[PDB]
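Below, chain A is the first sequence line, B the second, and so on; all start at residue 1.
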2 protein chains.
Amino acid sequence: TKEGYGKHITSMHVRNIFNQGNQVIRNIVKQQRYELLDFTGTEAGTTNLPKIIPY
Amino acid sequence: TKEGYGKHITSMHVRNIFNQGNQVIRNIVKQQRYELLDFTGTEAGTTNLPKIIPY
DNA sequence: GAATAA
DNA sequence: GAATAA
């Protein structure tokens, strides 16, 4: 007979404890920025022109 | 098959019968003492003075 | 608070 | 949607 004593012991079933490559981490990129919009200038991006948000 | 007859017999589980160092004995130190308090003297601890209990 | 906590 | 899907 194959028998033995132990604690937190069990007949051995399938164990592969590596995930099958499924895991998800979640960060939020957080980029608060104080900015200025200057239309008072003649230079490049400072003009009467609409300033763009390139989402 | 592994089997045998016996009395007060069991499949063998974990047995270490030494305690993990936890045991408590309790005595009371008992020290009744008849004593005298003498303030009638001039010598050392015999005076008008309060005699002390140094618990 | 089988490994001794009266 | 024992092999990680918060």
- Note on the structure: In this structure, CD1 of B/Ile28 is separated from CD of B/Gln31 (nearest 0.5 Å) by 13.5 Å
- Item | Among C/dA5, C/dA2, D/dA2, the one nearest A/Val14 by side-chain distance | D/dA2
- Message: Rounded to whole Å, please give me the gap between CZ in B/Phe18 and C1' in C/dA2.
- Response: 12 Å
- Note on the structure: Distance col, row B/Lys51:NZ vs B/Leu36:CG, nearest 0.5 angstrom, shows 7.5 Å
- Query: CD of A/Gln23 versus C1' of D/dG1: gap in Å, rounded?
  - Reply: 17 Å
- Query: Within a radius of less than 6.0 Å around CD1 of B/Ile9, do more than 12 heavy atoms belonging to other residues, nucleotides or ligands occur?
  - Reply: yes
- Message: Starting from B/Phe39 and following side-chain heavy-atom contacts under 4.5 Å between hydrophobic residues (I, L, V, M, F, W, Y), which residues can be reached?
- Response: none
- Would you kindly give the CD1-to-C1' distance between B/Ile17 and C/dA2, to the nearest whole Å? 9 Å
- Item | Listed nucleotide nearest any side-chain atom of A/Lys7, set C/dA2, D/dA5, C/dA5 | C/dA2
- Item | Nearest-Å distance for atom pair NE2/P, residues A/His8 and C/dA2 | 17 Å
- Round to a whole Å and report the spacing from NE2 of A/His13 to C1' of D/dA2. 12 Å
- Query: For A/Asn19 and D/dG1, what is the distance between atoms CG and P respectively, to the nearest whole Å?
  - Reply: 19 Å
- Distance in angstrom units between A/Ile25 CD1 and D/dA5 P, rounded: 12 Å
- Task: Starting at atom CZ of A/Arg15, determine the distance to atom P of D/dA2, rounded to an integer number of angstrom.
- Result: 5 Å
